[PDB]
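Take a look at this one chain, the form deposited in one PDB entry, written out in structure tokens.
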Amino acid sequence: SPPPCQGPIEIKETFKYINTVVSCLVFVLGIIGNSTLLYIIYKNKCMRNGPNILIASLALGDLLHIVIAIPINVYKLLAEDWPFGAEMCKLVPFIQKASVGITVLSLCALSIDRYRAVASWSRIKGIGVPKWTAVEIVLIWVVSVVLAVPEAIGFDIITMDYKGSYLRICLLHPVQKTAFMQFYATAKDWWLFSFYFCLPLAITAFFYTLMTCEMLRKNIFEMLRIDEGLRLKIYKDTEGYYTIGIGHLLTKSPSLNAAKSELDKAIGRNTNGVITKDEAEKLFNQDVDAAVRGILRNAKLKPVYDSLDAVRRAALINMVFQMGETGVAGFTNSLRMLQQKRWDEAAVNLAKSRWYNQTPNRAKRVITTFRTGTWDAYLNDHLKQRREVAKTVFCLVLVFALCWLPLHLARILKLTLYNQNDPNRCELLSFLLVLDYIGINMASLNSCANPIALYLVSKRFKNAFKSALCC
């Protein structure tokens, strides 16, 4: 039997003041933001697509979480009591974990949907809400609800005499009745850390990484499409040679039939000299892989290519597409400047070349890419859209991680540091109370923060919030 403590368990009033001000701000701001987000999505037929319906599910989860988590924990902090009976003792943490499930599974679903939007070539572009997304969301909600059931079984009101005074305490009571519930009581906080924090962080980081890798390939395609054109019919390049797609040389033979037979071989069907954009994109991706393999077999180009970031690598591939491996190797001083990361110097030197004199528009764009390491010289609607999708996913995931980490660390610290035999353990318990109430406020700040992140990252949402709130 554990000894009593030598010191008190208490929460200082100054902390109660600060924490309650934060709670009220998160509550008011979170209800307004997520309600306005939902109204934006419902009111505008232009806002009802795959991802925004998933965002609607996230926003509903935000509202559910804020309403179930903040008021009851403000009350516990100030009243230090439980007047609501056993049924509410079970229902509140049940609904609370259901709403966390909806939040994290909706975030996961959004990261997968945004990846699919970049990677799928057969996805029909348009305003529709796919059949599967409707069942996707129902499953998210059913699963979130089922996974929260142990909270409703395990929580209950117990009574104790504590140094004279009778207390009624709502908690996940020790001594659960079945083997499963006993295990849940001991593992719950590792379960929440694993399934509701680590696992969605791993899933969204994985799909975000797949998505940004794919966006890099799309950007190289768009860059060379701007500089060399996408030609779906066989044409003759500046030297007279039959070519197709994005500068894909078919043959140097003067026979159009010979070019057609090569084309049919590379595509695997009878094209009669005409291919689809998807076919040209696959051809282009192979041409890029081949150009890269050649760059890495070239002792003058490999050191430079290795040292460059992914964007500047694309500019180098761009020059190799235009003038071949041997021509690019001729820029000896410019390649050295690039390898030493003297961007502005390399940019001024490249503009003094015969290459710039012959194709100045293209060279200016490639040089801007070398100078800045950005895609700015190739900005079009597809690039603006990709930047925004990337920033949306990154920001939602990062704010999730930062907001929810404190509450998990609070529960893990108790698991790892609390020694029930220590007569001084109530100083740790008093500290954990502070971390816990902070953790609740930070977790609810996530629900409050999601509408704000969309406002700042998405021009479409920014203007939608303006119409709904500033008018």
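All residue numbers are counted from 1 along the displayed sequence. Here, rigid core means the biggest group of C-alpha atoms that superpose within 1.5 Å across both forms.
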query: Mean C-alpha B-factor comparison - 276-284 and 295-303, higher one; finding: 295-303
query: Mean C-alpha B-factor comparison - 409-417 and 36-44, higher one; finding: 36-44
query: Top Cα B factor in the deposited entry, candidates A351, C213, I169, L230; finding: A351
query: Options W191, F400, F94, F180 - largest CA temperature factor per the record; finding: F180
query: Third assignment of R217 from its chain's C-alpha B-factors; finding: lowest
query: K459 CA temperature factor, ranked by third within the chain; finding: highest
query: Ranked against its chain, the third holding the CA B-factor of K260; finding: middle
query: Cα B factor band for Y378 (lowest, middle or highest third within the chain); finding: middle
query: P150 - Cα temperature factor, lowest/middle/highest third of chain; finding: middle
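Below, we refer to the form deposited in another entry, which is not included among the displayed structures.
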{"item": "Single mover in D344, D81, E87, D189, with Cα shift of 2 Å or more between this form and the one not shown when the core is superposed", "value": "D344"}
{"item": "Did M160 shift 2 Å or more between this form and the one not shown, C-alpha, core superposed", "value": "no"}
{"item": "Core-aligned CA displacement of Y115 at least 2 Å between this form and the one not shown", "value": "no"}
{"item": "C-alpha of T369 off by 2 Å or more between this form and the one not shown on rigid core", "value": "yes"}
